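*Asks:* Below is the structure I would like to discuss, written out as C-alpha cells.
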C-alpha cells in the first residue's frame, strides 16, 4: 500500500492569509491525487481531482499542484468557512489510500466568554440525580478554566467539559461544564457557583444561584 | 486522531 | 440532483454482522459504481470495497473474507454487509460515488453511518430543560444517559439555527453518553416565542420534543 504523509498535523492561520497543505507519497504516484474537505459532523467533500483539476461548485480560492511524491493543496485567502480537516487520496496504486489529514485552525481577536449558569430542573431531580450546567459562550482562544464551588467547597472530579469546534462564522468556541451530583448531595447545599477564568477577562467571572432562588 | 463524535481530528 | 442516503446509525454486538443500505437517486446504479469507505480513530479514512455497474465486486485486501456487497438496480439500493465485527471496526461508514463510472474520485458521499461495536444494550436518553433566568437570554436542553451515539438535536423543527451550539457528547463513567444543546435568544422573545429542542435517538427510536420555558 502507498503511505501518504500529510504535514503539518495542525495549521493555524489568520483570515485572508495564504495556506498550503502538504501530502507526501511513499513512492511516485504521478499526479493521481485527490483532495478532500471535511467540516464538523460532515462527510468528505471533493476539492481537487488529479493534483490540480478543479471541481464544480468549489470556490476558486482552492487550487492544487505537485507531481511525483510531493503535492500541495493551497488556499490563497482563508475564510472562516474554511475551518475543517483536509485529506489527500492517491489512486495511482491499488488500493486507493488516504492521508491522515491536516487540521486547519483560524486565529482571531481575543473574545471574552459570556457565562450562564443553569440549575438542575425539577424534572431531573425526580431521577435522584442533579446536573448543574455552566455555559461559556462564544470565546477565543480555546483555553479556559471552570471552577465549581458548592457552599465554598472546591468541587473536583465531579465535573465534565465539552467544547464545540471552531465556529464557521465568527471563529469562536463555546464550552459547557456540567457538575454532576446526587439528589441527596444537591439538597444538602445552598450556594452553587461557577467561576470562569479566561484571557479575555481581567478578572474571573462568577455565575451562581441559591437552590430554590 | 479522528473523533467519531464531531467527525473532526483532535 | 445526485444523492446517497444510508440507513440509520447502529449498534453491533461483538463478533456479529453489520448491515447498511445505500439508497441512491439522481442516477442509475447500472451506469455508476458504488464505493464503500470507513473512518475510524485508529485507521482514519479507509477504502473498503466497490460494486460496479455490471455487478462485479472488489474488496480491499484485509476485508476480502468478511465483506459482502450487493445491490438492486430496480430499487436503487446498495447492500453493505460485513461479518465478525470487533471493537476496532467501530467507525463511521460511508457509501460514495465517483465522478465517472470507472474512477475513484469521490464527489458524492452518503451522510455516514456511525457504527458502534459493543456488548452493551441500547438506551434512550432523558431530555431536561436548561431554563433561562445584556438583553440576551441563554437556554437549552440536557440530553442525558443514552447509548450508543449519535443523537440529533434541532430547534423549533429546524427553523432556529442562529446561535445554536450543540456540544460534542461526553462519555460518562456509567458508559452512557450525555450532551447539552444551547441557543441564545433575545430575552424579550421569551414571552412571544416558543422554544423546543427536537431530540432524536434513532438507535432506540426515542423521539422527544422538549419545551424550554423560564422556570
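Basis: the model, the stated rules and, where named, an outside source; none is laboratory data. Cβ coordinates were reconstructed from backbone atoms using ideal geometry, including for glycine residues, and neighbour counts include every protein chain displayed.
*Asks:* When you scan region A:166-191, how many residues do you find that are more than 30 Å from residue A:107 (Cα to Cα) and part of a loop (DSSP other than H, G, I, E, B)?
*Replies:* Of all residues in region A:166-191, those more than 30 Å from residue A:107 (Cα to Cα) come to A:179-191.
With part of a loop (DSSP other than H, G, I, E, B) added as a condition, the list becomes A:188-190.
Qualifying residue count for the region: 3.
*Asks:* Quick check on residue C:88: is it surrounded by fewer than 17 Cβ atoms within 10 Å (Cβ to Cβ) and outside the structural domain of residue C:193 (by CATH)? Quick ask: steps written out before the conclusion?
*Replies:* Numbers: surrounded by fewer than 17 Cβ atoms within 10 Å (Cβ to Cβ): yes; outside the structural domain of residue C:193 (by CATH): yes.
Criteria met by residue C:88.
*Asks:* Can you tell which of A:162, A:131, A:171, A:177 is in contact with a helix residue (DSSP H, G or I) (Cβ under 8 Å, 6 or more places away or on another chain), crowded, with 18+ Cβ neighbours inside 10 Å and within 25 Å of residue A:40 (Cα to Cα)? First the steps, then the outcome.
*Replies:* Working: A:162 fails: in contact with a helix residue (DSSP H, G or I) (Cβ under 8 Å, 6 or more places away or on another chain); A:131 fails: within 25 Å of residue A:40 (Cα to Cα); A:177 fails: in contact with a helix residue (DSSP H, G or I) (Cβ under 8 Å, 6 or more places away or on another chain).
When all the criteria are applied, what remains is A:171.
*Asks:* Just give me the residues in region A:137-155 being closer than 13 Å to residue A:196 by Cα and at the interface with chain C (Cβ under 10 Å from one of its Cβ atoms), in sequence order.
*Replies:* The one that is closer than 13 Å to residue A:196 by Cα and at the interface with chain C (Cβ under 10 Å from one of its Cβ atoms): A:137.
*Asks:* OK, next. Restricting attention to region C:46-63, and to residues there that are within 12 Å of chain A (Cβ to nearest Cβ) and in a strand (DSSP E or B), which single residue is nearest to residue C:33 (Cα to Cα)?
*Replies:* Taking region C:46-63 and keeping what is within 12 Å of chain A (Cβ to nearest Cβ), we get C:46-50, C:58-63.
Pick out the ones that are also in a strand (DSSP E or B) and you get C:46-50, C:58-59.
Numbers: C:46: 17, C:47: 14, C:48: 14, C:49: 10, C:50: 7, C:58: 11, C:59: 13 Å.
Only one residue tops the list, namely C:50.
*Asks:* Check C:108, C:104 and return the single one that is crowded, with 18+ Cβ neighbours inside 10 Å, in the same structural domain as residue C:27 (by CATH) and in a loop (DSSP other than H, G, I, E, B). Step through it out loud before you land on a result.
*Replies:* On the way: C:108 fails: in a loop (DSSP other than H, G, I, E, B).
Matching residue, one of C:108, C:104: C:104.
*Asks:* Take the residues in region A:100-113 that are crowded, with 20+ Cβ neighbours inside 10 Å and more than 8 Å from chain C (Cβ to nearest Cβ), then tell me which one is farthest from residue A:208 (Cα to Cα).
*Replies:* Of all residues in region A:100-113, those crowded, with 20+ Cβ neighbours inside 10 Å come to A:100-102, A:104, A:106, A:113.
Cutting the leftovers down to more than 8 Å from chain C (Cβ to nearest Cβ) gives us A:102, A:104, A:106, A:113.
On the way: A:102: 40, A:104: 36, A:106: 33, A:113: 16 Å.
Ranking the candidates gives A:102 first.
*Asks:* Within region A:138-159, how many residues turn out to be farther than 22 Å from residue C:130 by Cβ and surrounded by 17 or more Cβ atoms within 10 Å (Cβ to Cβ)?
*Replies:* Taking region A:138-159 and keeping what is farther than 22 Å from residue C:130 by Cβ, we get A:140-143, A:151-154, A:156-157.
Subset that is surrounded by 17 or more Cβ atoms within 10 Å (Cβ to Cβ): A:140.
The qualifying residues number 1.
This table checks each residue for (1) in a strand (DSSP E or B); (2) in the same structural domain as residue A:165 (by CATH); (3) under 19 Å from the mean Cα position of the chain (by Cα); (4) under 13 Å from residue C:140 (Cα atoms).
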| site | (1), (2), (3), (4) |
| --- | --- |
| A:115 | yes, yes, no, no |
| A:120 | no, yes, no, yes |
| A:127 | no, yes, no, no |
| A:135 | yes, yes, yes, yes |
| A:138 | yes, yes, yes, no |
| A:142 | no, yes, yes, no |
| A:147 | yes, yes, no, no |
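*Asks:* For residue A:116, all conditions in the list (1) within 10 Å of another protein chain (Cβ to nearest Cβ); (2) within 30 Å of residue C:40 (Cβ to Cβ) hold save one; what is the number of the exception?
*Replies:* (2)
*Asks:* Further question on the same structure: Run down C:161, C:136, C:100, C:122 and say which single residue is more than 8 Å from chain A (Cβ to nearest Cβ) and either in contact with a helix residue (DSSP H, G or I) (Cβ under 7 Å, 6 or more places away or on another chain) or closer than 15 Å to residue C:9 by Cα (or both).
*Replies:* Details: C:161 fails: either in contact with a helix residue (DSSP H, G or I) (Cβ under 7 Å, 6 or more places away or on another chain) or closer than 15 Å to residue C:9 by Cα (or both); C:136 fails: more than 8 Å from chain A (Cβ to nearest Cβ); C:100 fails: either in contact with a helix residue (DSSP H, G or I) (Cβ under 7 Å, 6 or more places away or on another chain) or closer than 15 Å to residue C:9 by Cα (or both).
Of the residues listed, the single one that is more than 8 Å from chain A (Cβ to nearest Cβ) and either in contact with a helix residue (DSSP H, G or I) (Cβ under 7 Å, 6 or more places away or on another chain) or closer than 15 Å to residue C:9 by Cα (or both) is C:122.
*Asks:* Can you confirm whether region A:84-97 contains a residue that is closer than 27 Å to residue A:165 by Cα and more than 13 Å from every other protein chain (Cβ to nearest Cβ)?
*Replies:* Kept after step one, since they are closer than 27 Å to residue A:165 by Cα, are these residues of region A:84-97: A:84-89, A:97.
Right, trim to more than 13 Å from every other protein chain (Cβ to nearest Cβ) and you get none.
Within region A:84-97, none of the residues are closer than 27 Å to residue A:165 by Cα and more than 13 Å from every other protein chain (Cβ to nearest Cβ).
*Asks:* Would you call residue C:146 outside any helix (DSSP H, G or I) and either more than 11 Å from chain A (Cβ to nearest Cβ) or surrounded by fewer than 22 Cβ atoms within 10 Å (Cβ to Cβ) (or both)?
*Replies:* Numbers: outside any helix (DSSP H, G or I): yes; either more than 11 Å from chain A (Cβ to nearest Cβ) or surrounded by fewer than 22 Cβ atoms within 10 Å (Cβ to Cβ) (or both): yes.
Here the answer is yes, as residue C:146 does meet what is asked.
*Asks:* Hey, could you check region C:27-45 for residues that are more than 14 Å from every other protein chain (Cβ to nearest Cβ) and either in a loop (DSSP other than H, G, I, E, B) or touching a helix residue (DSSP H, G or I) at 6+ places or on another chain (Cβ under 9 Å) (or both) and say which is surrounded by the fewest Cβ atoms within 10 Å (Cβ to Cβ)?
*Replies:* First, the residues of region C:27-45 that are more than 14 Å from every other protein chain (Cβ to nearest Cβ): C:27-32, C:34.
Checking the rest, the ones that are also either in a loop (DSSP other than H, G, I, E, B) or touching a helix residue (DSSP H, G or I) at 6+ places or on another chain (Cβ under 9 Å) (or both) come to C:27-32.
Values: C:27: 16, C:28: 11, C:29: 22, C:30: 13, C:31: 9, C:32: 20.
My answer is C:31.
*Asks:* Checking the structure you have, find out if any residue of region C:64-79 is farther than 18 Å from residue C:7 by Cα, in a strand (DSSP E or B) and more than 9 Å from chain A (Cβ to nearest Cβ).
*Replies:* Within region C:64-79, not a single residue is farther than 18 Å from residue C:7 by Cα, in a strand (DSSP E or B) and more than 9 Å from chain A (Cβ to nearest Cβ).
*Asks:* In addition: Would you check if residue A:196 is crowded, with 18+ Cβ neighbours inside 10 Å and over 28 Å from the mean Cα position of the chain (by Cα)? First the steps, then the outcome.
*Replies:* Details: crowded, with 18+ Cβ neighbours inside 10 Å: yes; over 28 Å from the mean Cα position of the chain (by Cα): no.
It is false that residue A:196 is crowded, with 18+ Cβ neighbours inside 10 Å and over 28 Å from the mean Cα position of the chain (by Cα).
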